[PDB]
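Note sheet for the following structure.
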Amino acid sequence: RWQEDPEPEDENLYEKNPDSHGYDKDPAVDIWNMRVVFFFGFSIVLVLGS
Amino acid sequence: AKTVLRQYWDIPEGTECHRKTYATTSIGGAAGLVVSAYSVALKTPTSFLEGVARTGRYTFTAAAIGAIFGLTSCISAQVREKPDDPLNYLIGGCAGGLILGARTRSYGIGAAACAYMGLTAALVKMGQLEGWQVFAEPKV
Amino acid sequence: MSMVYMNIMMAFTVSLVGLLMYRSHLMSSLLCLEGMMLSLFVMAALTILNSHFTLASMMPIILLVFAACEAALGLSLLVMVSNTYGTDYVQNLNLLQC
Amino acid sequence: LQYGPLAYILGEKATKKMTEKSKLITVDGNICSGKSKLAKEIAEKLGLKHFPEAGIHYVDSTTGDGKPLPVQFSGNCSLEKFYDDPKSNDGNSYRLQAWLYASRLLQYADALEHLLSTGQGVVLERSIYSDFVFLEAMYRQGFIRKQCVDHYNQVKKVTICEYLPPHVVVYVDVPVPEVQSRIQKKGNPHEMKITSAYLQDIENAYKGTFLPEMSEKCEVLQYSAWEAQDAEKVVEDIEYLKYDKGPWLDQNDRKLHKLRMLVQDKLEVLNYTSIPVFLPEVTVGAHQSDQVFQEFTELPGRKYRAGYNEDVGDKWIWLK
Amino acid sequence: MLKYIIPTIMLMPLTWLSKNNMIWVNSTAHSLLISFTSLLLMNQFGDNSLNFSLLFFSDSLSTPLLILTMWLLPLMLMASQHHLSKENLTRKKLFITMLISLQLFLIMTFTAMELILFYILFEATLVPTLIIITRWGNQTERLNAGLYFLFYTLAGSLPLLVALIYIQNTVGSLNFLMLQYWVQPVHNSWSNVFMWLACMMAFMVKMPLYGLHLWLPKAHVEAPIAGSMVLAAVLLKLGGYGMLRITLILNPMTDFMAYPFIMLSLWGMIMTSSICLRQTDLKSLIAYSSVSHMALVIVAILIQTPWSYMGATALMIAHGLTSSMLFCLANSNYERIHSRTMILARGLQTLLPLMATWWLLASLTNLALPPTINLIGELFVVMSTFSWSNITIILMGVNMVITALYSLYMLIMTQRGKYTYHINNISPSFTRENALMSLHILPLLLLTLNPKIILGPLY
Amino acid sequence: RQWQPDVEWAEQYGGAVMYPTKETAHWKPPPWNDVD
Amino acid sequence: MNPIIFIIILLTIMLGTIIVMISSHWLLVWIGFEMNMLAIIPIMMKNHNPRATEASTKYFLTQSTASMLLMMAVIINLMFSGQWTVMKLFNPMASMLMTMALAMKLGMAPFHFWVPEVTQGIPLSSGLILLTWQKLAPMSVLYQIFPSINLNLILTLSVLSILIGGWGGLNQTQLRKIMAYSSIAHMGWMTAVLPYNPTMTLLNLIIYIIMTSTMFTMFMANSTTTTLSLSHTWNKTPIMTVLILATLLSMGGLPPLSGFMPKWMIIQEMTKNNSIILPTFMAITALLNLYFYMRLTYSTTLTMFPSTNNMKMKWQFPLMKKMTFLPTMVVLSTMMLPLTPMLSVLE
Amino acid sequence: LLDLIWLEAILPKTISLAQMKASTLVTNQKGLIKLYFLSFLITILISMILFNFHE
Ligand SMILES: CCCCCCCCCCCCO[C@@H]1O[C@H](CO)[C@@H](O[C@H]2O[C@H](CO)[C@@H](O)[C@H](O)[C@H]2O)[C@H](O)[C@H]1O
Ligand SMILES: CCCCCCCCCCCCO[C@@H]1O[C@H](CO)[C@@H](O[C@H]2O[C@H](CO)[C@@H](O)[C@H](O)[C@H]2O)[C@H](O)[C@H]1O
Ligand SMILES: CCCCCCCCCCCCO[C@@H]1O[C@H](CO)[C@@H](O[C@H]2O[C@H](CO)[C@@H](O)[C@H](O)[C@H]2O)[C@H](O)[C@H]1O
Ligand SMILES: CCCCCCCCCCCCO[C@@H]1O[C@H](CO)[C@@H](O[C@H]2O[C@H](CO)[C@@H](O)[C@H](O)[C@H]2O)[C@H](O)[C@H]1O
Ligand SMILES: CCCCCCCCCCCCO[C@@H]1O[C@H](CO)[C@@H](O[C@H]2O[C@H](CO)[C@@H](O)[C@H](O)[C@H]2O)[C@H](O)[C@H]1O
Ligand SMILES: Nc1nc2c(ncn2[C@@H]2O[C@H](COP(=O)(O)OP(=O)(O)OP(=O)(O)O)[C@@H](O)[C@H]2O)c(=O)[nH]1
Ligand SMILES: N=C(N)NC(=N)NCCc1ccc(I)c(Cl)c1
Ligand SMILES: [Mg+2]
């Protein structure tokens with residue numbers, strides 16, 4: 001039938017980055033994303049908020 | 001149309017059934033004729049006889065609904081001794097809906113018509129009791 | 001009202017019914033449209049003349065001039081229709097059904 | 001002043017610029033018929049602008065930096081693949097033909113715009129009027145389906161009717177055995193796989209449908225392979241034409257203003273080349289088209305309207 | 001409220017002016033900061049509400065809903081950034097913009113002093129919500145789900161508009177503080193019956209009431225994860241919050257008008273709870289669980305007692321976090337096996353030990369284990385409906401049994417038993433997923449230590 | 001991946017009407033350029 | 001058409017409307033309609049094809065009939081009052097004839113049949129004039145004669161138009177016909193409130209014109225006349241699809257968009273007059289319009305329809321259509337709700 | 001029986017059918033000038049004889 005791209009294969013983030021936190025493919029961005037979530041989420045809102 | 005509606009609402013509910021059934025049948029007949037006129041003008045019948053058959057079919061179908069509603073709703077008010085009750089119109093409205101199912105030979109249309117026309121008649125009775133305005137006179 | 005108004009009002013109604021009940025020729029419906037104007041011209045003239053409304057005496061002329069210009073436009077559309085199909089039959093003007 | 005009603009009102013009328021030399025000339029013929037060389041000579045001698053035949057990358061040549069774009073931005077149409085596998089299941093045969101008609105339509109619009117804006121005539125190699133000979137040949141060899149032909153005629157019906165035909169049609173008549181001889185001599189590996197039957201169908205369409213049709217409305221000049229070498233004689237024939245037929249005689253400043261308003265707006269020119277007719281050969285799925293379009297926007301000088309691309313050196317953008 | 005409206009608006013220039021690779025980092029960080037400042041709304045008094053201005057006020061009802069709303073935005077960004085990774089940059093920013101605009105409407109909706117202002121913002125939330133479902137939903141049926149969601153709401157909300165305008169003509173104001181003092185009793189009449197229905201049906205459809213709930217399982221099965229989170233956590237509570245406010249001006253007619261809707265809710269919760277035992281799609285099961293939990297809230301609101309209003313508020317907050325957790329847990333399985341079928345992937349506790357703990361904790365809150373705020377809210381409702389009529393305890397008790405059965409059934413089927421042999425892509429839980437789960441359960445369980453802040457004005 | 005309309009879905013909106021009946025079975029989509 | 005002639009014909013269309021709006025004499029009102037109708041026919045015919053000739057002829061017959069009925073009402077009014085002042089009429093038969101004549105000119109149901117056919121048969125720019133500017137002159141007459149209009153007649157015309165307009169649009173795939181039926185429904189809102197507060201009629205008319213102009217302009221920018229053609233916009237001008245989505249949701253009356261405002265204020269004015277059943281019926285019936293607006297958004301913006309290979313050739317050329325006032329019109333079409341109290345300028 | 005059938009039937013499923021049927025009545029017109037102007041005559045007559053809008 002028509003001209004359509006094939007379905008891509010789902011990529012496991014751990015292949016390229018075994019240390020991946022699951023936020024981003026870029027390891028530097030991935031680590032920063034983990035840090036803001038953990039710092040502003042747990043250290044600030046949950047601890048100081050509590 | 002204002003003269004017939006004046007006659008119908010002048011009679012007390014649950015009394016003078018034959019007069020009530022005549023007003024609603026004539027009202028139903030008028031609506032049937034109006035529908036037939038537009039139907040014949042906008043959808044040309046194949047022949048003169050086919051146009052007459054369609055006009056009678058719609059007109060009788062509409063007068064049949066108007067008669068059953070008037071008769072059934074007037075008996076319900078008489079039998080129950082409940083004149084100012086919307087439930088009588090709900091019973092009369094659903095009865096007319098069933099006729100439409102029969103005349104259109106269908107069970108879904110009859111059931112749908114019973115509920116929608118049954119509710120509409122009940123709402124009409126409430127508006128008469130509570131003075132609801134459909135075309136309200138400008139006041140402010 | 002005066003007796004003449006009966007027939008002049010009737011003439012407008014006859015031409016209005018004629019206009020609304022088409023047959024085949026588009027020209028025939030244009031004639032009914034100009035008949036309507038004619039009855040309007042006569043009724044307006046009678047009212048204005050009888051009441052001695054002096055300045056309104058020009059109004060029927062203005063009505064006549066503008067209505068003739070409208071009729072000229074209608075005739076132009078009729079010939080364009082006739083050029084397309086070879087007749088002025090209104091049954092041919094049904095492409096915009098779909 | 002960019003052309004428009006205001007420019008037209010102020011005296012930019014076509015009849016001013018157009019002379020008796022303001023002629024649109026098209027050269028036609030079979031494959032390897034020598035039309036390319038004849039077209040250049042005619043243009044040189046008459047001082048006309050020459051348009052090389054519009055191919056798969058004609059549109060790229062008129063936009064951006066003018067260089068051809070990758071193949072995915074033309075749909076992966078390939079003339080080479082057409083010779084290698086004319087019956088390929090991927091629909092390349094008609095996808096190419098539909099793309100080539102749009103390319104020719106664009107070039108014809110460019111040629112008319114040049115003629116109407118400058119007054120200088122043009123020479124084209126084939127046109128939207130003769131493009132169908134390839135489609136008929138394709139269909140008769142069983143390379144495309146009947147539904148492809150129906151699609152082609154729909155697009156042609158609503159596009160070709162907007163434009164005026166050439167003033168002069170020049171046909172070079174080389175027989176099929178000679179064409180095949182010239183194809184093998186040219187030595188292009190893919191072209192040599194052409195069948196004489198395909199070439200005979202091209203000629204049949206040319207002589208059966210094209211030339212008789214254009215004769216009713218154009219000046220049709222025919223030459224053999226030998227007669228086409230004498231370019232001067234061809235140009236002598238052109239200069240002695242009477243121009244007593246065709247709709248170019250009915251044209252006037254009013255009608256040519258509407259025509260110039262059309263050919264200058266290329267999106268309006270190509271409007272009906274993408275009619276929503278879901279033919280498998282030309283239909284592109286949403287995911288592919290979306291992906292390809294994002295790639296196109298990333299090409300140099302293509303993200304923004306021309307003149308607003310800082311990555312290719314445009315300046316004063318904050319005042320433009 | 002401008003101290004929350006403006007920084008919420010500023011999230012949009014932040015997302016659009018961020019570096020291409022920092023849109024998730026920046027939007028998540030700053031929406032967590034906004035969530036932090038929202039705790040200042042806890043300045044609540046025993047007698048008076050916190051009346052900021054002519055447009056906005058906060059009280060003990062809207063304050064917990066406001067804090068839940070602003071907390072959910074960073075959680076939604078965390079949950080969405082993975083399945084949107086392939087999406088092009090401009091469309092990623094448009095998605096985040098729809099989430100931000102949803103929060104802006106929500107915080108204004110919950111603090112609007114005037115009821116017609118509440119209406120417009122209450123209606124505005126449809127637009128971004130519909131866009132999120134239809135544009136970024138995965139399957140063909142998102143288009144139908146969008147329509148059912150849109151037209152169920154408008155079928156009820158348009159009559160509410162007429163009723164609200166009618167009330168303002170009669171009373172002269174729709175300011176909620178004014179109505180507290182100028183409220184007059186609603187007398188029996190057919191006009192007042194339909195005024196009552198117009199004032200209530202829109203909120204019933206959103207809750208959703210049993211019989212008007214069929215749009216909700218559709219919406220969830222088709223929505224992306226963030227759509228499901230905001231739908232379950234907050235958007236359902238627009239109905240409850242609306243009902244809690246408007247019932248002020250419907251007395252004493254609510255005494256008898258509530259009967260059909262109490263019957264639908266009381267019987268509805270047992271039906272929907274029973275339905276959960278047979279659901280084959282995990283998202284659909286969680287969706288039906290919401291209908292059952294919110295049937296309790298409808299009953300609580302309709303019987304109008306201090307205990308029922310306190311229980312209704314706690315239930316709305318507790319369910320918001322629990323149902324959002326459950327959707328996030330189900331989504332994390334979907335991102336691996338790409339199917340919502342509950343029976344497809346079994347025995348996941350063997351492969352994902354820590355994720356099975358989150359599954360256990362979420363299930364325990366769903367069945368209302370004491371002393372979670374899920375149980376506190378449910379218990380307060382059960383206590384108050386017992387006084388309303390002692391027989392309700394039988395229906396309330398049966399639902400508690402069925403709720404435990406389907407909650408543990410969902411846990412047992414997906415986490416226990418034997419793993420499915422051919423499913424060999426169950427990769428270890430990401431830090432993002434674990435953090436997302438804990439950002440639901442931890443505030444939920446911490447609220448047990450100070451429940452008063454989620455008990456509402458009647459506390 | 002996310003479903004997007006295919007040719008089957010899109011052809012639902014390419015007819016003369018949205019709801020074909022016996023009356024309109026003969027209707028055809030008008031010319032692309034309005035010219036008959 | 002010669003560009004200078006096209007300008008003079010456009011100015012005559014405007015002048016005819018202006019004459020209707022500034023006249024105190026009934027004859028001048030009639031002249032304004034005659035002049036306006038004469039000048040609009042050439043822009044219906046400009047593309048010279050049988051469909052454009054049929055549309056121009058169907059339009060001419062309808063408008064000429066309506067103008068004859070109008071002149072009858074004027075002459076009957078003269079007979080029974082001896083004056084020509086444009087104001088309330090002095091005879092109920094004259095009022096019915098003028099109301100029916102103006103309903104015919106506006107294309108209100110059941111005099112609506114010409115609107116979808118004429119709009120379909122003329123170019124987009126001509127349809128833009130037909131469905132916006134042409135509403136001004138008849139509505140301005142209704143603004144002045146409304147005290148003498150039969151309430152039952154006008155409200156019946158309004159209710160029918162809202163039903164016919166809503167139902168008629170459900171079956172349409174042609175954009176011009178969708179706009180035509182959408183126009184019919186919106187006229188019903190304008191006349192339903194006229195007996196109660198003409199100011200709200202003006203508000204609805206102005207906002208309707210703005211959103212209608214926006215949609216026609218966006219259709220013209222892409223030369224789209226069918227749903228399927230419009231579904232190719234995402235693969236050419238993605239911004240345009242977002243603007244179309246926002247405008248359609250506004251024409252659907254969804255808060256917080258501008259198109260909620262006229263429906264909101266009409267419901268208020270009717271309820272102040274103890275009209276509850278009618279506004280509620282109108283609001284629920286307007287959901288029919290929202291349905292087929294939403295259908296367009298699905299095929300244009302919220303899903304990506306299949307494309308064609310030749311579309312790639314379009315990626316290399318920019319939009320060169322004027323799109324005059326489009327950025328302003330789209331912002332007014334969607335973002336005006338916070339300024340609703342500004343409606344008092346129309347008082 | 002209830003949540004996938006009858007609660008569907010009594011409202012969204014039946015309501016959509018009625019509108020679709022009503023739309024086909026309104027739009028299935030023959031495009032004939034004669035039939036449209038004939039309906040205008042019926043409308044004007046009905047407006048007077050039935051509803052007395054001329055009073
Ligand atoms: C799905 C629902 C669809 C829409 C349903 C709409 C329901 C609208 C309610 C019907 C209108 C109200 O009903 C109307 O009320 C007024 C109030 O006196 C009555 O008015 C009547 O008053 C007296 C009797 O009291 C009569 O002598 C007089 O002839 C008449 O004017 C009307 O005879 C009645 O028909
Ligand atoms: C759609 C039909 C198109 C063709 C129109 C044909 C022309 C119509 C001519 C109308 C002129 C007559 O108009 C009519 O005259 C009579 C004469 O007093 C008026 O008077 C009549 O009604 C009023 C009521 O208060 C009183 O004067 C009196 O009861 C009665 O005589 C009517 O109020 C007026 O409506
Ligand atoms: C007087 C009325 C006008 C008021 C205008 C006030 C603001 C004017 C801003 C002018 C500068 C805009 O800057 C222009 O847009 C963005 C943001 O900077 C930049 O491009 C952007 O790409 C991506 C986001 O898409 C990011 O990496 C980053 O945000 C930026 O690099 C352009 O490279 C720059 O040329
Ligand atoms: C009581 C208050 C709320 C009432 C709300 C009711 C209003 C209507 C809501 C749904 C509107 C959806 O509008 C339309 O509905 C029908 C089914 O109903 C959908 O159609 C769907 O069901 C029908 C009937 O089984 C199937 O034939 C069809 O294949 C399927 O797609 C349409 O694709 C949708 O466009
Ligand atoms: C409480 C009042 C609420 C008022 C809300 C009004 C909502 C109006 C919604 C649009 C109605 C028309 O919507 C249209 O309905 C029909 C019938 O269901 C659907 O039609 C679909 O279902 C029918 C039923 O089996 C199938 O035969 C048909 O093949 C299928 O296409 C259309 O796909 C849908 O586009
Ligand atoms: N399928 C297809 N091929 C085409 C079309 N136009 C050109 N071609 C091919 O492009 C190639 C070059 O065409 P020609 O100009 O005729 O050959 P040429 O030898 O280079 O030029 P001449 O010497 O003048 O004959 C040939 O293989 C043609 O078949 C077309 O419209 N469709
Ligand atoms: N005819 C109507 N009911 N409406 C109407 N215009 N009433 C006049 C009352 C009014 C309202 C607002 C303003 I500001 C002003 Cl100055 C006057
Ligand atoms: Mg060559």
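Residue names in the structure tokens use chain letters A, B, ... in the order shown, residue numbers from 1 in each chain, and ligand numbers from 1 in the order shown.
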
Please give me, as a ChimeraX atom specification, the residues lying within 12 Å of ligand 7 when counting only C-alpha atoms and all ligand atoms.
/B:137-140 /G:143-144,146-147,193-203,265-266,268-273,341-347

Mind checking DSSP for chain H and telling me the helix (DSSP H, G or I) residues as a compact mmCIF listing (two decimals) with N, CA, C and O atoms, in the first residue's frame?
```txt
# COMPACT_ATOMS: atom_id res chain seq x y z
N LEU H 2 -25.44 -3.44 31.42
CA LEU H 2 -25.76 -2.09 31.86
C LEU H 2 -24.77 -1.06 31.33
O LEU H 2 -25.17 -0.10 30.66
N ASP H 3 -23.48 -1.24 31.61
CA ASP H 3 -22.51 -0.19 31.34
C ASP H 3 -22.03 -0.16 29.89
O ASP H 3 -21.57 0.88 29.43
N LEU H 4 -22.14 -1.27 29.15
CA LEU H 4 -21.73 -1.29 27.75
C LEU H 4 -22.91 -1.39 26.79
O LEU H 4 -22.69 -1.52 25.58
N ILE H 5 -24.14 -1.32 27.29
CA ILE H 5 -25.29 -1.49 26.41
C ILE H 5 -26.36 -0.46 26.74
O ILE H 5 -26.51 0.54 26.03
N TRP H 6 -27.11 -0.68 27.82
CA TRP H 6 -28.34 0.07 28.01
C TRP H 6 -28.07 1.51 28.44
O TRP H 6 -28.78 2.43 28.02
N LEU H 7 -27.06 1.73 29.28
CA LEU H 7 -26.67 3.10 29.58
C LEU H 7 -26.09 3.80 28.36
O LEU H 7 -26.17 5.02 28.25
N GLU H 8 -25.51 3.03 27.43
CA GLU H 8 -25.14 3.58 26.13
C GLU H 8 -26.37 3.85 25.28
O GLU H 8 -26.49 4.91 24.65
N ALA H 9 -27.30 2.90 25.24
CA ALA H 9 -28.43 2.99 24.31
C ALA H 9 -29.32 4.19 24.63
O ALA H 9 -29.59 5.02 23.75
N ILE H 10 -29.76 4.30 25.88
CA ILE H 10 -30.81 5.26 26.22
C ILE H 10 -30.38 6.71 26.03
O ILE H 10 -31.23 7.60 26.09
N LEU H 11 -29.10 6.97 25.80
CA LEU H 11 -28.66 8.35 25.62
C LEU H 11 -27.72 8.48 24.43
O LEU H 11 -28.21 8.62 23.30
N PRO H 12 -26.39 8.41 24.59
CA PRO H 12 -25.52 8.85 23.49
C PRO H 12 -25.76 8.14 22.17
O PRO H 12 -25.60 8.75 21.11
N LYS H 13 -26.13 6.86 22.19
CA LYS H 13 -26.28 6.12 20.95
C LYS H 13 -27.54 6.52 20.20
O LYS H 13 -27.53 6.64 18.97
N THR H 14 -28.64 6.71 20.92
CA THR H 14 -29.90 7.07 20.27
C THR H 14 -29.92 8.54 19.87
O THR H 14 -30.50 8.89 18.83
N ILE H 15 -29.31 9.40 20.68
CA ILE H 15 -29.29 10.83 20.37
C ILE H 15 -28.54 11.07 19.07
O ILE H 15 -28.96 11.89 18.24
N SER H 16 -27.42 10.38 18.87
CA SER H 16 -26.66 10.57 17.64
C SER H 16 -27.46 10.14 16.42
O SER H 16 -27.39 10.78 15.37
N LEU H 17 -28.22 9.06 16.54
CA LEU H 17 -29.03 8.61 15.41
C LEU H 17 -30.06 9.66 15.01
O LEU H 17 -30.24 9.93 13.82
N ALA H 18 -30.73 10.26 15.99
CA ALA H 18 -31.77 11.23 15.67
C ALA H 18 -31.21 12.41 14.91
O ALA H 18 -31.80 12.87 13.93
N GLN H 19 -30.06 12.93 15.34
CA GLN H 19 -29.45 14.06 14.65
C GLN H 19 -29.01 13.68 13.25
O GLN H 19 -29.19 14.46 12.31
N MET H 20 -28.43 12.49 13.09
CA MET H 20 -28.00 12.05 11.76
C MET H 20 -29.19 11.90 10.83
O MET H 20 -29.12 12.29 9.65
N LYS H 21 -30.29 11.34 11.32
CA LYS H 21 -31.49 11.25 10.50
C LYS H 21 -32.06 12.63 10.19
O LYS H 21 -32.48 12.90 9.07
N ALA H 22 -32.07 13.52 11.19
CA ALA H 22 -32.59 14.86 10.97
C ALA H 22 -31.74 15.62 9.96
O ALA H 22 -32.27 16.36 9.13
N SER H 23 -30.42 15.45 10.02
CA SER H 23 -29.54 16.14 9.09
C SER H 23 -29.80 15.70 7.66
O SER H 23 -29.74 16.51 6.73
N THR H 24 -30.06 14.40 7.45
CA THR H 24 -30.31 13.93 6.09
C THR H 24 -31.63 14.45 5.55
O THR H 24 -31.77 14.64 4.33
N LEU H 25 -32.62 14.69 6.41
CA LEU H 25 -33.85 15.32 5.96
C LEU H 25 -33.60 16.74 5.49
O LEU H 25 -34.11 17.15 4.44
N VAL H 26 -32.81 17.50 6.25
CA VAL H 26 -32.63 18.92 5.95
C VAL H 26 -31.81 19.11 4.68
O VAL H 26 -32.10 20.00 3.87
N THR H 27 -30.79 18.29 4.47
CA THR H 27 -29.81 18.54 3.42
C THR H 27 -30.11 17.82 2.11
O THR H 27 -29.57 18.22 1.08
N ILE H 33 -34.77 25.43 -8.20
CA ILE H 33 -35.37 26.72 -7.89
C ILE H 33 -36.87 26.57 -7.69
O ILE H 33 -37.47 27.20 -6.81
N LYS H 34 -37.50 25.73 -8.51
CA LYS H 34 -38.95 25.57 -8.45
C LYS H 34 -39.41 25.07 -7.09
O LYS H 34 -40.41 25.55 -6.55
N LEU H 35 -38.70 24.09 -6.53
CA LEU H 35 -39.14 23.49 -5.27
C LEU H 35 -38.92 24.44 -4.09
O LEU H 35 -39.73 24.47 -3.16
N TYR H 36 -37.84 25.21 -4.11
CA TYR H 36 -37.55 26.11 -3.01
C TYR H 36 -38.59 27.23 -2.93
O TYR H 36 -39.12 27.53 -1.86
N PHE H 37 -38.88 27.87 -4.07
CA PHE H 37 -39.87 28.94 -4.07
C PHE H 37 -41.27 28.42 -3.80
O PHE H 37 -42.11 29.16 -3.28
N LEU H 38 -41.55 27.16 -4.14
CA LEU H 38 -42.82 26.57 -3.76
C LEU H 38 -42.95 26.48 -2.25
O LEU H 38 -44.02 26.75 -1.69
N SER H 39 -41.87 26.10 -1.56
CA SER H 39 -41.90 26.06 -0.10
C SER H 39 -42.06 27.46 0.49
O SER H 39 -42.68 27.61 1.54
N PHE H 40 -41.51 28.48 -0.17
CA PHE H 40 -41.73 29.85 0.28
C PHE H 40 -43.22 30.18 0.29
O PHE H 40 -43.71 30.82 1.23
N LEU H 41 -43.95 29.77 -0.75
CA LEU H 41 -45.38 30.02 -0.79
C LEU H 41 -46.10 29.31 0.35
O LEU H 41 -46.96 29.90 1.01
N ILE H 42 -45.75 28.05 0.60
CA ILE H 42 -46.37 27.32 1.70
C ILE H 42 -46.06 27.99 3.03
O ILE H 42 -46.92 28.07 3.91
N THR H 43 -44.84 28.49 3.18
CA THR H 43 -44.47 29.16 4.43
C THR H 43 -45.28 30.44 4.63
O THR H 43 -45.77 30.70 5.74
N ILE H 44 -45.43 31.25 3.58
CA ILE H 44 -46.16 32.50 3.72
C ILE H 44 -47.63 32.23 4.03
O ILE H 44 -48.23 32.89 4.88
N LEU H 45 -48.23 31.26 3.34
CA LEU H 45 -49.62 30.91 3.60
C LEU H 45 -49.80 30.42 5.03
O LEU H 45 -50.67 30.91 5.76
N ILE H 46 -48.97 29.47 5.45
CA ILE H 46 -49.08 28.92 6.80
C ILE H 46 -48.90 30.02 7.84
O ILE H 46 -49.58 30.04 8.87
N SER H 47 -47.98 30.95 7.59
CA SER H 47 -47.72 32.02 8.54
C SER H 47 -48.99 32.82 8.84
O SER H 47 -49.16 33.31 9.96
N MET H 48 -49.87 32.96 7.86
CA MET H 48 -51.09 33.74 8.02
C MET H 48 -52.26 32.87 8.49
O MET H 48 -52.83 33.12 9.56
N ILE H 49 -52.60 31.85 7.71
CA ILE H 49 -53.80 31.07 8.00
C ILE H 49 -53.66 30.31 9.31
O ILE H 49 -54.61 30.23 10.10
```

Hey, which residues sit close to ligand 2? Say within 8 Å, counting only C-alpha atoms and all ligand atoms, and write them as a list in words.
residues 1, 9, 10, 12, 13 and 16 of chain C; 69, 72, 76, 91, 92, 93, 94, 96 and 97 of chain G; 44, 45, 48, 54 and 55 of chain H

Could the residues in this selection be saved with C-alpha atoms as a PDB file, in the first residue's frame?
```pdb
ATOM      1  CA  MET C   1     -60.375  50.889   1.825  1.00  0.00           C
ATOM      2  CA  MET C   9     -53.549  44.367  -4.054  1.00  0.00           C
ATOM      3  CA  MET C  10     -54.982  41.288  -5.759  1.00  0.00           C
ATOM      4  CA  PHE C  12     -49.672  41.912  -6.699  1.00  0.00           C
ATOM      5  CA  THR C  13     -50.745  38.689  -4.987  1.00  0.00           C
ATOM      6  CA  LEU C  16     -46.391  36.923  -6.331  1.00  0.00           C
TER       7      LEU C  16
ATOM      8  CA  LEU G  69     -41.919  42.287  -0.755  1.00  0.00           C
ATOM      9  CA  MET G  72     -44.920  46.304  -0.691  1.00  0.00           C
ATOM     10  CA  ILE G  76     -48.731  49.589   2.673  1.00  0.00           C
ATOM     11  CA  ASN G  91     -49.601  48.196   9.995  1.00  0.00           C
ATOM     12  CA  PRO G  92     -49.215  44.556  11.113  1.00  0.00           C
ATOM     13  CA  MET G  93     -49.460  43.204   7.568  1.00  0.00           C
ATOM     14  CA  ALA G  94     -46.667  45.576   6.553  1.00  0.00           C
ATOM     15  CA  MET G  96     -44.952  40.727   8.511  1.00  0.00           C
ATOM     16  CA  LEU G  97     -44.042  41.492   4.902  1.00  0.00           C
TER      17      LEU G  97
ATOM     18  CA  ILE H  44     -46.163  32.505   3.720  1.00  0.00           C
ATOM     19  CA  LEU H  45     -49.617  30.909   3.600  1.00  0.00           C
ATOM     20  CA  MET H  48     -51.092  33.735   8.022  1.00  0.00           C
ATOM     21  CA  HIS H  54     -49.984  39.131   9.815  1.00  0.00           C
ATOM     22  CA  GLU H  55     -51.974  40.342  12.840  1.00  0.00           C
TER      23      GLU H  55
END
```

Residue D:34: which residues within 12 Å, counting only C-alpha atoms, same-chain residues fewer than 6 positions away excluded, as an MDAnalysis selection string?
chainID D and resid 27:28 40:41 125 170:174 178:179 182:183 186 223:229 231

Find the residues near ligand 3. Use a cut-off of 6 Å, count only C-alpha atoms and all ligand atoms, and write them as a PyMOL selection string.
chain E and resi 17-20

Close residues, stretch 7-21 of chain F itself excluded, 7 Å, only C-alpha atoms, min 3 positions apart in chain, as an NGL selection string
(:C and (98)) or (:D and (278)) or (:F and (24-25 or 27-29)) or (:G and (171-173 or 227-228 or 305-306))

For chain C, which residues have at least one atom within 12 Å of chain B, if we go by only C-alpha atoms? Write them as a PyMOL selection string, please.
chain C and resi 20-22
